[PDB]
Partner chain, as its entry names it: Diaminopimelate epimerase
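As a starting point, one isolated chain is supplied in C-alpha cells, in the form deposited without the partner chain.
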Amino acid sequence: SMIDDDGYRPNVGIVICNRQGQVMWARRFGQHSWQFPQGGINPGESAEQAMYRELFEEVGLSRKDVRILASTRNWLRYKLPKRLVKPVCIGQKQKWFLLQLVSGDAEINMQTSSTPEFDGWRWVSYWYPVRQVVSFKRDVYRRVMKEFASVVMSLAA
C-alpha cells in the first residue's frame, strides 16, 4: 500500500475466532514472532475488500469460509521502532475485522504465496495474543481484543 503524508501505511488486521472463543495465531515467516494477519490497502480498495484479499492471499480462505462478526470504527495506529524503519514509513494505521471460521481448519492454507506472510498457525486462547505480540504492537492489540471481546466470549458461552 502507499504511505500517507504522515508516514503511515493503511492496513487491515484480521482476528479469526472459532466457537469456543479461541483465535488464529500465526508465526511470521522465518521468525519466532507471531501475530494476526495484516495486509495493505491498495488505492481504490475498501477496507473490507483489502481484508478479503489478505484472507485469500495469506490464509487461503474465501468469503464463504467465514462470517464477519465485527470491525473497528476508526484507525488504530502504531509507530515502528526507529531501528526497524521514497517517503519513509514510520508505522501503520489499521482497521480490524473479527471473523468466525465456519469451514474446516483444513481450508486454511498459509503457503500459497511465493513469499508467505506466515509459516503456519495454531489456535490459542483469546487473550494470549496481547502478551505475546511484539511490544510496539501491544497497545493496538490490547484495544482490538477488548473491543472484540464481548462478541467472542458470547460465542464461547
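If you superpose the two forms and keep the largest set of C-alpha atoms that fall within 1.5 Å, you have the rigid core. Positions refer to the first chain, counted from 1.
- After a core fit, the C-alpha atoms in 4 other deposited structures of this protein lie farther on average from the shown form in one of 35 to 43 and 112 to 120, namely 112 to 120.
- Judged by mean Cα B factor in the deposited record, 145 to 153 ranks above the other of 12 to 20 and 145 to 153.
- As listed in the deposited structure, the average C-alpha B-factor of 36 to 44 and of 66 to 74 is greater for 66 to 74.
- Of the candidates 129, 30, 116, 91, the one whose C-alpha carries the top B factor in the deposited record is 91.
Just so you know, the form deposited with the partner chain bound exists too; it's not on screen, but the next bit is about it.
- Among heavy atoms of residue 142, some come within 4.5 Å of the partner chain in the entry with it bound.
- Contact check for residue 3: no non-hydrogen atom falls within 4.5 Å of the partner chain in the entry with it bound.
- Proximity of residue 124 to the partner chain in the entry with it bound falls within the 4.5 Å heavy atom cutoff.
- Taking non-hydrogen atoms only, residue 128 approaches the partner chain to within 4.5 angstroms in the entry with it bound.
- Out of the listed residues 38, 113, 49, 132, 132 is the one that sits within 4.5 Å of the partner chain in the entry with it bound by at least one heavy atom.
- Across the options 27 to 35, 116 to 124, 66 to 74, 92 to 100, residues that bring heavy atoms within 4.5 Å of the partner chain in the entry with it bound belong to 116 to 124.
- No residue in the set 80, 86 and 88 has a non-hydrogen atom no more than 4.5 Å from the partner chain in the entry with it bound.
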